[PDB]
$ cat structure04.pdb   # PDB, C-alpha atoms (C1' of nucleotides) and all ligand atoms
ATOM      1  CA  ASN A  35       0.000   0.000   0.000
ATOM      2  CA  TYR A  36       1.957   2.969  -1.369
ATOM      3  CA  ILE A  37       0.394   6.443  -1.270
ATOM      4  CA  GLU A  38       1.303   9.011  -3.924
ATOM      5  CA  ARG A  39       0.564  12.685  -4.550
ATOM      6  CA  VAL A  40       1.220  15.202  -7.324
ATOM      7  CA  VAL A  41       2.098  18.759  -6.324
ATOM      8  CA  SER A  42       2.602  20.693  -9.568
ATOM      9  CA  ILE A  43       3.135  20.409 -13.317
ATOM     10  CA  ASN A  44       5.287  22.791 -15.366
ATOM     11  CA  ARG A  45       5.650  23.066 -19.142
ATOM     12  CA  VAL A  46       9.293  23.517 -20.131
ATOM     13  CA  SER A  47      10.312  24.934 -23.510
ATOM     14  CA  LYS A  48      13.322  24.467 -25.783
ATOM     15  CA  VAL A  49      14.116  26.849 -28.653
ATOM     16  CA  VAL A  50      16.101  25.893 -31.758
ATOM     17  CA  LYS A  51      16.533  27.355 -35.232
ATOM     18  CA  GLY A  52      13.531  25.431 -36.543
ATOM     19  CA  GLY A  53      11.228  26.615 -33.774
ATOM     20  CA  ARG A  54      10.100  25.685 -30.261
ATOM     21  CA  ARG A  55      10.388  22.243 -28.667
ATOM     22  CA  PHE A  56       8.311  21.439 -25.592
ATOM     23  CA  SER A  57       8.636  18.933 -22.763
ATOM     24  CA  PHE A  58       6.855  18.056 -19.527
ATOM     25  CA  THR A  59       8.130  17.803 -15.958
ATOM     26  CA  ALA A  60       6.596  17.042 -12.573
ATOM     27  CA  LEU A  61       7.579  16.228  -8.994
ATOM     28  CA  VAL A  62       5.958  13.498  -6.898
ATOM     29  CA  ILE A  63       5.851  12.587  -3.211
ATOM     30  CA  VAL A  64       5.471   8.976  -2.053
ATOM     31  CA  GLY A  65       5.011   7.710   1.489
ATOM     32  CA  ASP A  66       3.683   4.595   3.181
ATOM     33  CA  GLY A  67       2.207   6.509   6.130
ATOM     34  CA  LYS A  68       4.242   4.610   8.747
ATOM     35  CA  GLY A  69       7.246   6.960   8.765
ATOM     36  CA  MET A  70       8.500   6.464   5.208
ATOM     37  CA  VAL A  71       8.950   9.358   2.774
ATOM     38  CA  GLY A  72      10.505   9.703  -0.668
ATOM     39  CA  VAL A  73      10.998  12.578  -3.116
ATOM     40  CA  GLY A  74      10.907  11.965  -6.845
ATOM     41  CA  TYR A  75      11.486  14.430  -9.665
ATOM     42  CA  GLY A  76      11.273  13.181 -13.240
ATOM     43  CA  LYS A  77      11.139  14.600 -16.751
ATOM     44  CA  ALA A  78       9.661  13.266 -19.987
ATOM     45  CA  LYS A  79       7.893  14.317 -23.178
ATOM     46  CA  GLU A  80       4.456  13.280 -21.855
ATOM     47  CA  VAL A  81       2.638  13.150 -18.525
ATOM     48  CA  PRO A  82       2.567   9.315 -18.311
ATOM     49  CA  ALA A  83       6.314   8.931 -18.819
ATOM     50  CA  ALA A  84       6.979  11.872 -16.495
ATOM     51  CA  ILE A  85       4.856  10.428 -13.686
ATOM     52  CA  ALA A  86       6.348   6.963 -14.206
ATOM     53  CA  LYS A  87       9.869   8.372 -13.914
ATOM     54  CA  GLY A  88       8.891  10.363 -10.831
ATOM     55  CA  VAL A  89       7.379   7.367  -9.058
ATOM     56  CA  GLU A  90      10.406   5.259  -9.999
ATOM     57  CA  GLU A  91      12.715   7.879  -8.498
ATOM     58  CA  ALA A  92      10.574   7.973  -5.353
ATOM     59  CA  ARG A  93      10.819   4.185  -5.119
ATOM     60  CA  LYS A  94      14.594   4.440  -5.529
ATOM     61  CA  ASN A  95      14.954   7.105  -2.818
ATOM     62  CA  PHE A  96      13.870   6.201   0.722
ATOM     63  CA  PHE A  97      14.300   7.620   4.226
ATOM     64  CA  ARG A  98      12.877   6.881   7.678
ATOM     65  CA  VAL A  99      11.494   9.630   9.925
ATOM     66  CA  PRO A 100      11.951   8.990  13.695
ATOM     67  CA  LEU A 101       8.530  10.079  14.939
ATOM     68  CA  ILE A 102       7.232   9.291  18.427
ATOM     69  CA  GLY A 103       3.644   8.055  18.282
ATOM     70  CA  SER A 104       1.826  10.944  16.609
ATOM     71  CA  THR A 105       4.068  14.014  16.906
ATOM     72  CA  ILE A 106       7.696  15.040  16.435
ATOM     73  CA  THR A 107      10.211  15.080  19.283
ATOM     74  CA  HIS A 108      11.832  18.528  19.424
ATOM     75  CA  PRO A 109      11.616  21.841  17.549
ATOM     76  CA  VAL A 110      13.610  21.984  14.315
ATOM     77  CA  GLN A 111      14.663  24.842  12.014
ATOM     78  CA  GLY A 112      15.862  23.274   8.766
ATOM     79  CA  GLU A 113      17.386  25.527   6.112
ATOM     80  CA  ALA A 114      18.124  24.112   2.655
ATOM     81  CA  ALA A 115      19.061  26.190  -0.403
ATOM     82  CA  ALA A 116      16.960  29.400  -0.221
ATOM     83  CA  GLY A 117      14.057  27.661   1.554
ATOM     84  CA  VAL A 118      13.378  27.769   5.292
ATOM     85  CA  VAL A 119      10.896  25.564   7.163
ATOM     86  CA  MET A 120      10.062  25.400  10.874
ATOM     87  CA  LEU A 121       8.517  22.463  12.735
ATOM     88  CA  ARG A 122       7.170  22.085  16.268
ATOM     89  CA  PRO A 123       5.352  19.268  18.104
ATOM     90  CA  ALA A 124       1.672  19.641  18.942
ATOM     91  CA  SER A 125      -0.785  18.418  21.545
ATOM     92  CA  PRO A 126      -2.729  15.286  20.534
ATOM     93  CA  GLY A 127      -5.835  15.918  18.458
ATOM     94  CA  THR A 128      -4.774  19.343  17.175
ATOM     95  CA  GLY A 129      -4.416  18.053  13.608
ATOM     96  CA  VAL A 130      -2.109  18.711  10.681
ATOM     97  CA  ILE A 131      -1.567  22.403   9.903
ATOM     98  CA  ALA A 132       0.775  23.640   7.158
ATOM     99  CA  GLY A 133       0.904  24.899   3.589
ATOM    100  CA  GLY A 134       0.243  22.836   0.501
ATOM    101  CA  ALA A 135       3.565  21.086  -0.041
ATOM    102  CA  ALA A 136       4.232  20.755   3.689
ATOM    103  CA  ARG A 137       0.803  19.199   4.221
ATOM    104  CA  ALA A 138       1.341  16.778   1.344
ATOM    105  CA  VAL A 139       4.758  15.610   2.535
ATOM    106  CA  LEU A 140       3.721  15.333   6.185
ATOM    107  CA  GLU A 141       0.551  13.408   5.307
ATOM    108  CA  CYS A 142       2.539  11.014   3.128
ATOM    109  CA  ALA A 143       4.831  10.585   6.134
ATOM    110  CA  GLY A 144       1.755   9.671   8.180
ATOM    111  CA  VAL A 145       1.837  11.982  11.222
ATOM    112  CA  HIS A 146      -1.374  13.399  12.701
ATOM    113  CA  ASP A 147      -0.516  16.461  14.842
ATOM    114  CA  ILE A 148       2.273  18.939  14.078
ATOM    115  CA  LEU A 149       2.973  22.648  13.574
ATOM    116  CA  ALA A 150       4.609  24.106  10.473
ATOM    117  CA  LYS A 151       5.098  27.406   8.668
ATOM    118  CA  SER A 152       6.886  28.633   5.536
ATOM    119  CA  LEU A 153       8.842  31.896   5.640
ATOM    120  CA  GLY A 154      10.301  32.090   2.129
ATOM    121  CA  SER A 155      10.955  30.383  -1.182
ATOM    122  CA  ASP A 156       7.289  29.638  -1.791
ATOM    123  CA  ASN A 157       8.011  27.353  -4.750
ATOM    124  CA  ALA A 158       7.112  23.743  -4.054
ATOM    125  CA  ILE A 159      10.467  22.202  -4.997
ATOM    126  CA  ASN A 160      12.511  24.270  -2.557
ATOM    127  CA  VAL A 161       9.767  24.001   0.070
ATOM    128  CA  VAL A 162       9.917  20.202  -0.033
ATOM    129  CA  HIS A 163      13.719  20.269  -0.104
ATOM    130  CA  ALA A 164      13.774  22.387   3.058
ATOM    131  CA  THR A 165      11.198  20.138   4.728
ATOM    132  CA  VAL A 166      13.188  16.985   3.974
ATOM    133  CA  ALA A 167      16.357  18.711   5.196
ATOM    134  CA  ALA A 168      14.598  19.491   8.479
ATOM    135  CA  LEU A 169      13.472  15.867   8.724
ATOM    136  CA  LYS A 170      17.107  14.838   8.268
ATOM    137  CA  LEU A 171      18.084  17.279  11.015
ATOM    138  CA  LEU A 172      15.631  15.594  13.387
ATOM    139  CA  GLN A 173      17.271  13.112  15.769
ATOM    140  CA  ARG A 174      16.161  10.123  17.867
ATOM    141  CA  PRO A 175      16.196  10.348  21.696
ATOM    142  CA  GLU A 176      17.409   6.760  22.054
ATOM    143  CA  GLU A 177      20.306   7.437  19.681
ATOM    144  CA  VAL A 178      21.197  10.668  21.483
ATOM    145  CA  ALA A 179      21.141   8.837  24.821
ATOM    146  CA  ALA A 180      23.423   6.130  23.426
ATOM    147  CA  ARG A 181      25.807   8.799  22.126
ATOM    148  CA  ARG A 182      25.817  10.574  25.495
ATOM    149  CA  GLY A 183      26.451   7.299  27.315
ATOM    150  CA  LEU A 184      24.067   8.230  30.141
ATOM    151  CA  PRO A 185      20.940   6.492  31.459
ATOM    152  CA  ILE A 186      17.787   7.221  29.492
ATOM    153  CA  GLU A 187      15.679   8.691  32.298
ATOM    154  CA  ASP A 188      18.448  11.224  32.996
ATOM    155  CA  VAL A 189      18.195  12.717  29.482
ATOM    156  CA  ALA A 190      14.524  12.233  28.646
ATOM    157  CA  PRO A 191      11.716  14.132  30.420
ATOM    158  CA  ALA A 192       8.879  12.473  32.287
ATOM    159  CA  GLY A 193       6.256  13.559  29.769
ATOM    160  CA  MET A 194       8.184  12.184  26.806
ATOM    161  CA  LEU A 195       8.985   8.862  28.471
ATOM    162  CA  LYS A 196       5.350   8.476  29.552
ATOM    163  CA  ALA A 197       4.191   9.197  26.003
ATOM    164  CA  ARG A 198       6.637   6.596  24.699
ATOM    165  CA  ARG A 199       5.285   4.084  27.223
ATOM    166  CA  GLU A 200       1.676   4.656  26.152
ATOM    167  CA  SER A 201       2.642   4.504  22.472
ATOM    168  CA  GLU A 202       4.391   1.174  23.050
ATOM    169  CA  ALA A 203       1.362  -0.160  24.930
ATOM    170  CA  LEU A 204      -0.997   0.869  22.125
ATOM    171  CA  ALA A 205       1.304  -0.649  19.497
ATOM    172  CA  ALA A 206       1.426  -3.922  21.435
ATOM    173  CA  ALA A 207      -2.366  -3.951  21.755
ATOM    174  CA  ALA A 208      -2.795  -3.323  18.023
ATOM    175  CA  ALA A 209      -0.290  -6.057  17.155
ATOM    176  CA  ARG A 210      -2.057  -8.535  19.441
ATOM    177  CA  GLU A 211      -5.436  -7.658  17.923
ATOM    178  CA  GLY A 212      -4.062  -8.116  14.412
ATOM    179  CA  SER A 213      -2.461 -11.450  15.281
ATOM    180  CA  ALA A 214      -5.681 -12.701  16.894
TER     181      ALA A 214
ATOM    182  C1'   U B   1       3.592  23.250  35.742
ATOM    183  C1'   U B   2      -0.265  24.534  31.383
ATOM    184  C1'   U B   3      -2.175  27.303  26.092
ATOM    185  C1'   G B   4      -1.221  27.885  21.069
ATOM    186  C1'   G B   5       1.365  29.653  14.248
ATOM    187  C1'   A B   6      -1.785  27.221   7.070
ATOM    188  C1'   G B   7      -2.059  29.830   1.878
ATOM    189  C1'   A B   8      -3.163  31.371  -3.168
ATOM    190  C1'   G B   9      -2.433  34.554  -7.757
ATOM    191  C1'   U B  10       0.981  37.820 -10.153
ATOM    192  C1'   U B  11       7.847  39.985 -14.160
ATOM    193  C1'   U B  12      10.336  35.221 -18.038
ATOM    194  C1'   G B  13      11.427  31.225 -24.372
ATOM    195  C1'   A B  14      11.890  28.208 -19.269
ATOM    196  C1'   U B  15      14.521  28.632 -13.623
ATOM    197  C1'   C B  16      15.780  30.931  -8.866
ATOM    198  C1'   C B  17      16.323  35.396  -5.260
ATOM    199  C1'   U B  18      14.702  40.038  -3.229
ATOM    200  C1'   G B  19      10.634  42.770  -3.455
ATOM    201  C1'   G B  20       5.603  45.325  -4.821
ATOM    202  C1'   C B  21       0.238  44.628  -5.547
ATOM    203  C1'   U B  22      -4.682  41.704  -4.845
ATOM    204  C1'   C B  23      -7.812  37.751  -2.502
ATOM    205  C1'   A B  24      -9.946  33.955   0.992
ATOM    206  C1'   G B  25     -11.849  35.756   8.163
ATOM    207  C1'   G B  26     -13.712  39.032  12.126
ATOM    208  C1'   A B  27     -15.863  43.864  13.767
ATOM    209  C1'   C B  28     -19.059  48.818  13.248
ATOM    210  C1'   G B  29     -22.458  54.497  17.232
ATOM    211  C1'   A B  30     -22.705  52.850   9.858
ATOM    212  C1'   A B  31     -24.733  54.541   4.757
ATOM    213  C1'   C B  32     -26.890  52.985   0.056
ATOM    214  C1'   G B  33     -30.224  49.603  -3.752
ATOM    215  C1'   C B  34     -33.732  45.788  -3.402
ATOM    216  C1'   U B  35     -36.954  43.079  -0.505
ATOM    217  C1'   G B  36     -39.695  42.838   3.910
ATOM    218  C1'   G B  37     -44.340  38.193   8.644
ATOM    219  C1'   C B  38     -44.136  37.923  13.998
ATOM    220  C1'   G B  39     -41.973  37.711  19.197
ATOM    221  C1'   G B  40     -38.057  38.731  22.658
ATOM    222  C1'   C B  41     -33.006  42.254  23.744
ATOM    223  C1'   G B  42     -29.788  46.271  23.531
ATOM    224  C1'   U B  43     -28.821  50.892  21.001
ATOM    225  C1'   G B  44     -30.089  56.006  18.196
ATOM    226  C1'   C B  45     -26.108  64.089  16.261
ATOM    227  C1'   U B  46     -19.055  60.774  15.418
ATOM    228  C1'   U B  47     -19.898  67.215  11.341
ATOM    229  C1'   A B  48     -21.814  73.412  13.036
ATOM    230  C1'   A B  49     -18.592  74.195  21.581
ATOM    231  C1'   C B  50     -23.849  76.649  14.805
ATOM    232  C1'   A B  51     -28.606  79.908  16.025
ATOM    233  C1'   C B  52     -32.833  78.865  18.664
ATOM    234  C1'   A B  53     -40.337  79.476  18.912
ATOM    235  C1'   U B  54     -42.325  76.849  22.499
ATOM    236  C1'   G B  55     -43.956  73.549  27.395
ATOM    237  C1'   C B  56     -41.312  71.744  31.587
ATOM    238  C1'   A B  57     -36.472  70.454  34.269
ATOM    239  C1'   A B  58     -36.106  73.062  42.766
ATOM    240  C1'   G B  59     -38.888  73.673  46.489
ATOM    241  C1'   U B  60     -40.782  72.940  51.563
ATOM    242  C1'   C B  61     -42.280  74.313  56.810
ATOM    243  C1'   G B  62     -48.766  77.687  60.929
ATOM    244  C1'   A B  63     -45.019  72.274  65.582
ATOM    245  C1'   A B  64     -41.070  80.068  64.151
ATOM    246  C1'   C B  65     -43.685  85.196  63.391
ATOM    247  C1'   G B  66     -47.006  89.071  61.890
ATOM    248  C1'   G B  67     -51.897  87.828  59.501
ATOM    249  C1'   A B  68     -56.564  86.034  56.691
ATOM    250  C1'   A B  69     -56.600  87.274  49.977
ATOM    251  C1'   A B  70     -59.123  82.625  48.604
ATOM    252  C1'   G B  71     -61.781  77.801  51.174
ATOM    253  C1'   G B  72     -64.482  74.988  55.792
ATOM    254  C1'   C B  73     -67.074  75.442  60.635
ATOM    255  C1'   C B  74     -69.800  78.364  64.376
ATOM    256  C1'   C B  75     -72.047  83.021  65.563
ATOM    257  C1'   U B  76     -75.427  86.627  61.836
ATOM    258  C1'   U B  77     -77.398  88.595  57.507
ATOM    259  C1'   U B  78     -80.214  92.798  53.496
ATOM    260  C1'   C B  79     -77.039  87.479  50.496
ATOM    261  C1'   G B  80     -73.444  93.345  50.067
ATOM    262  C1'   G B  81     -71.537  91.059  53.385
ATOM    263  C1'   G B  82     -69.929  91.861  59.849
ATOM    264  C1'   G B  83     -66.847  88.741  64.069
ATOM    265  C1'   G B  84     -63.913  83.961  66.150
TER     266        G B  84
HETATM  267 MG    MG C   1      19.205  32.522   5.307
HETATM  268 MG    MG C   2       4.156  35.020  -4.481
HETATM  269 MG    MG C   3      -5.005  28.532  22.709
HETATM  270 MG    MG C   4       3.771  36.391 -16.673
HETATM  271 MG    MG C   5       3.398  36.231 -20.453
HETATM  272 MG    MG C   6      14.667  41.496   1.476
HETATM  273 MG    MG C   7       8.877  37.608  -0.604
HETATM  274 MG    MG C   8     -38.385  47.864   2.257
HETATM  275 MG    MG C   9     -43.311  33.107  24.561
HETATM  276 MG    MG C  10     -33.540  49.442  19.132
HETATM  277 MG    MG C  11     -37.683  79.015  25.907
HETATM  278 MG    MG C  12     -38.271  76.055  51.154
END
$ encode --input "structure04.pdb" --output "structure tokens" --more "lines below"
Ligand SMILES: [Mg+2]
Ligand SMILES: [Mg+2]
Ligand SMILES: [Mg+2]
Ligand SMILES: [Mg+2]
Ligand SMILES: [Mg+2]
Ligand SMILES: [Mg+2]
Ligand SMILES: [Mg+2]
Ligand SMILES: [Mg+2]
Ligand SMILES: [Mg+2]
Ligand SMILES: [Mg+2]
Ligand SMILES: [Mg+2]
Ligand SMILES: [Mg+2]
Amino acid sequence: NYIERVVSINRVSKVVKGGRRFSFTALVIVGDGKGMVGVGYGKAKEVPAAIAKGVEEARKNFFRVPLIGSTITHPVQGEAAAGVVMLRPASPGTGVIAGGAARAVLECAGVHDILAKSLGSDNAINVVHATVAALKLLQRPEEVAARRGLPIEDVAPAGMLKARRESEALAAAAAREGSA
RNA sequence: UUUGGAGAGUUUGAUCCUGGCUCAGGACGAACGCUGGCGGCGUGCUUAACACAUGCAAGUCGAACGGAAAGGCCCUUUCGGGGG
């Protein structure tokens, strides 16, 4: 079950002595909704070939987002190229809130509650590039604890560890129900 | 130890950056065009601190005093009125 979206379509032109040659391009976003995201950007002379190339590139490119239950861990300010994107965790039930491209990418990722805002470089390509850069910048609390070489409870707050406990309990319950 | 951030269009054969302009919401001590059944609730000179007809918007005490113009009572009557 792979989920796909299309953000924009642009008509590129090529000029020669004879006249004008045209081509099609598009960018696609693919995500499984369980923490998987991929960015694909393909070009072709027709929409079917373009979309096929884009989805193939998305299949080729893969990356795992370390989300905790429903929301992100810590605030992030990712800056890529001329695009800037900010992210912040939310209280449960608030819902997804962001611009077009940010909403598409985050939904394909599969989160439910998060804050976002775009401050420049409105174009979708740079927006998604900045968002994926921020996602790269995000880090896992277990990995940071291992790097620090200190006990987990001494680096993680009570709220976060409790939320992790409840998320693990719910995941175990869902797995048991599915197995049954 | 708790509460909460959305964008879109627009310069170029096609791309990006900065940056301008417009739109999606809420509010009025409001006005205008059209239409217009009823009940309940608030509100009604933001300009000329311009000029004003008119009728009202501050009186009360005889248990303070001198007194009885107009009333009541009792003495009188010619019904003009004479005393307390
Ligand atoms: Mg910068
Ligand atoms: Mg713009
Ligand atoms: Mg709030
Ligand atoms: Mg143009
Ligand atoms: Mg043009
Ligand atoms: Mg500037
Ligand atoms: Mg700008
Ligand atoms: Mg009418
Ligand atoms: Mg009634
Ligand atoms: Mg009224
Ligand atoms: Mg007067
Ligand atoms: Mg007085």
$ interface_residues --input "structure04.pdb" --of "chain B" --to "chain A" --cutoff "8 Å" --atoms "only C-alpha atoms (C1' of nucleotides)" --output "list in words"
residues 5, 6, 7, 13, 14 and 17 of chain B
$ closest_residue --input "structure04.pdb" --among "B:36, B:9, B:4, B:19" --to "ligand MG 7 (chain C)" --atoms "all atoms listed in the file"
B:19
$ atom_distance --input "structure04.pdb" --atom1 "atom MG of ligand MG 1 (chain C)" --atom2 "atom CA of residue A:108"
21.2 Å
$ residues_near_ligand --input "structure04.pdb" --ligand "ligand MG 9 (chain C)" --cutoff "12 Å" --atoms "all atoms listed in the file" --output "ChimeraX atom specification"
/B:38-40
$ write_last_selection --input "structure04.pdb" --atoms "C-alpha atoms (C1' of nucleotides)" --output "PDB file, in the frame of the given file"
ATOM      1  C1'   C B  38     -44.136  37.923  13.998  1.00  0.00           C
ATOM      2  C1'   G B  39     -41.973  37.711  19.197  1.00  0.00           C
ATOM      3  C1'   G B  40     -38.057  38.731  22.658  1.00  0.00           C
TER       4        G B  40
END
$ atom_distance --input "structure04.pdb" --atom1 "atom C1' of residue B:41" --atom2 "atom MG of ligand MG 10 (chain C)"
8.6 Å
$ residues_near_ligand --input "structure04.pdb" --ligand "ligand MG 11 (chain C)" --cutoff "10 Å" --atoms "all atoms listed in the file" --output "ChimeraX atom specification"
/B:52-56
$ write_last_selection --input "structure04.pdb" --atoms "C-alpha atoms (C1' of nucleotides)" --output "PDB file, in the frame of the given file"
ATOM      1  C1'   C B  52     -32.833  78.865  18.664  1.00  0.00           C
ATOM      2  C1'   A B  53     -40.337  79.476  18.912  1.00  0.00           C
ATOM      3  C1'   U B  54     -42.325  76.849  22.499  1.00  0.00           C
ATOM      4  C1'   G B  55     -43.956  73.549  27.395  1.00  0.00           C
ATOM      5  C1'   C B  56     -41.312  71.744  31.587  1.00  0.00           C
TER       6        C B  56
END
$ resolve_selection --input "structure04.pdb" --expression "the PyMOL selection byres (((chain A and resi 175-182) around 12) and not hetatm)" --output "PyMOL selection string"
chain A and resi 100-102+106-108+172-174+183-191+194-195+198
$ residues_near_ligand --input "structure04.pdb" --ligand "ligand MG 1 (chain C)" --cutoff "10 Å" --atoms "all atoms listed in the file" --output "MDAnalysis selection string"
chainID A and resid 113:118 154
$ write_last_selection --input "structure04.pdb" --atoms "C-alpha atoms" --output "compact mmCIF listing (two decimals), keeping the file's coordinate frame"
# COMPACT_ATOMS: atom_id res chain seq x y z
CA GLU A 113 17.39 25.53 6.11
CA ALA A 114 18.12 24.11 2.66
CA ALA A 115 19.06 26.19 -0.40
CA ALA A 116 16.96 29.40 -0.22
CA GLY A 117 14.06 27.66 1.55
CA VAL A 118 13.38 27.77 5.29
CA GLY A 154 10.30 32.09 2.13
$ resolve_selection --input "structure04.pdb" --expression "the PyMOL selection byres (((chain B and resi 24) around 9) and not hetatm)" --output "ChimeraX atom specification"
/B:7-8,23,25
$ atom_distance --input "structure04.pdb" --atom1 "atom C1' of residue B:2" --atom2 "atom CA of residue A:110"
22.1 Å
$ closest_residue --input "structure04.pdb" --among "B:58, B:51, B:34, B:64" --to "ligand MG 8 (chain C)" --atoms "all atoms listed in the file"
B:34
$ residues_near_ligand --input "structure04.pdb" --ligand "ligand MG 12 (chain C)" --cutoff "12 Å" --atoms "all atoms listed in the file" --output "list in words"
residues 58, 59, 60 and 61 of chain B
$ residues_near_ligand --input "structure04.pdb" --ligand "ligand MG 10 (chain C)" --cutoff "10 Å" --atoms "only C-alpha atoms (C1' of nucleotides) and all ligand atoms" --output "list in words"
residues 41, 42, 43 and 44 of chain B
$ residues_near_point --input "structure04.pdb" --point "(-70.4, 81.5, 62.5)" --cutoff "10 Å" --atoms "all atoms listed in the file" --output "PyMOL selection string"
chain B and resi 73-76+83-84
$ residues_near_ligand --input "structure04.pdb" --ligand "ligand MG 4 (chain C)" --cutoff "9 Å" --atoms "all atoms listed in the file" --output "list in words"
residues 10, 11 and 12 of chain B
$ write_last_selection --input "structure04.pdb" --atoms "C-alpha atoms (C1' of nucleotides)" --output "PDB file, in the coordinates of the input"
ATOM      1  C1'   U B  10       0.981  37.820 -10.153  1.00  0.00           C
ATOM      2  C1'   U B  11       7.847  39.985 -14.160  1.00  0.00           C
ATOM      3  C1'   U B  12      10.336  35.221 -18.038  1.00  0.00           C
TER       4        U B  12
END
